[PDB]
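Novice: Below you'll find the sequence and an experimental structure to go with it.
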Amino acid sequence: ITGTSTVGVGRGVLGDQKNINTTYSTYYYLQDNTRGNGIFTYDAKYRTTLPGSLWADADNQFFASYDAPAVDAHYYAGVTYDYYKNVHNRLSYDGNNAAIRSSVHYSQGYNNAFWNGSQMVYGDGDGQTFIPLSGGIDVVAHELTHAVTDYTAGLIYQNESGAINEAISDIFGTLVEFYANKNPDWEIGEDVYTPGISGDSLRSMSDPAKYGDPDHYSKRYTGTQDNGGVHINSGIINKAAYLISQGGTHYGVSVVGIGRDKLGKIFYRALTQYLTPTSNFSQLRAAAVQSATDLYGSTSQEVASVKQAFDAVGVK
Ligand SMILES: [Ca+2]
Ligand SMILES: [Ca+2]
Ligand SMILES: [Ca+2]
Ligand SMILES: [Ca+2]
Ligand SMILES: [Zn+2]
């Protein structure tokens, strides 16, 4: 909407206060004009018709319980935008500052979040498996990263290409979490998963097997559930990424860690220059090796570590 840029204040899902960029025209709207062609947050009002209505507030204060998922979807989309622009010189998900749209309060008791081809969508959870999912910065960045993938490599959402798609979202979700630097870890969704259970998460990148996800190609799922295991087999690539960054010895194979920033550079280059809609795990290895070669040189530690990591997870 046309109006003037304003700064509201509110509390997120976890009870933390933050400032948000809003737009004033009669009401204060969750419309951040400071980033690209805007970040827009909508109320789906417990229904499934999208996007719903652009979030309107009378006083620019967002402290109601109902406001919390909107505050976080809006704010964490901003952090994710900043990560891609500042770290990778990428302007929004399409590289041309496309407007970023999110809807919260999607459906009832909805234990998921997704990119629908055009926008991000967040359930409130059922209060048992999840609380409102936009409360996780890794979750918000995971979702926006699906848009980045769709505009770039275009990895088909099934089987190996789909597991790569998933891992890319977990990897960048985690890198954005580290970028914001509030309780960062290599776990996925810990801030919004199972409020009655401390210390767990939806997935682990450091040890995918702790939740039954494979950490080696020999343990891959080849059935038809979950689009051929896209949220399961992602563990194999998540583990490789974790090893590249942090190092470790895994199934007897030692990997020299090169750190998060270089992991991000290598995978961003792979995603945007080398991967295609049908890339499989072996092709991802080749793309990562080539990306590291471009960035650091063929004789570099970075290239050697990429090879080590894929060796460790059984991907040749
Ligand atoms: Ca208000
Ligand atoms: Ca965390
Ligand atoms: Ca996390
Ligand atoms: Ca929990
Ligand atoms: Zn996903």
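Specialist: Received, thanks. Numbers count the residues shown, from 1 in each chain. Ligands and ions are numbered 1, 2, ... in the order given.
Novice: Next, the contact list for the residue in the chain positioned nearest to ligand 4, please.
Specialist: Of all residues in the chain, residue 194 sits closest to ligand 4, at 3.4 Å by C-beta to the ion. Every residue, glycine included, has its C-beta placed from N, CA and C. For residue 194, the contacting residues are 128-130, 200, by C-beta atoms under 8 Å, 6 or more residues apart in numbering.
Novice: From these, list just the buried residues.
Specialist: Those of the contacts of residue 194 that meet the buried threshold are 129-130, by 16 or more other C-beta atoms under 10 Å.
Novice: List just the nearest of the contacts of residue 194 to ligand 2.
Specialist: residue 200 (12.1 Å).
Novice: is it true that that closest one touches residue 189?
Specialist: No. Residue 200 sits out of contact with residue 189 when judged by C-beta atoms under 8 Å, with a separation of 9.4 Å.
Novice: dump the residue contacts of the residue of the stretch 201-316 of the chain found nearest ligand 3.
Specialist: For the stretch 201-316 of the chain, the residue closest to ligand 3 is residue 201, as judged by C-beta to the ion, at 6.8 Å. Taking C-beta under 8 Å, 6+ apart, we find residue 201 in contact with 187-190, 193, 211.
Novice: Quick one, which of those residues are buried?
Specialist: With burial judged by 16+ other C-beta under 10 Å, the buried subset of these is 187-190, 193.
Novice: Just send these back as TSV, with distance to residue 266 too.
Specialist: Putting these into TSV (distance: C-beta to C-beta, whole Å) gives the following:
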residue	distance to residue 266
187	22
188	20
189	24
190	25
193	28
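Novice: Keep only those of those residues that are in strands.
Specialist: 187-188 (DSSP state E).
Novice: and which of the buried ones among the contacts of residue 201 is nearest to residue 72?
Specialist: Nearest to residue 72 among the buried ones among the contacts of residue 201: residue 189, at 13.3 Å, using C-beta to C-beta.
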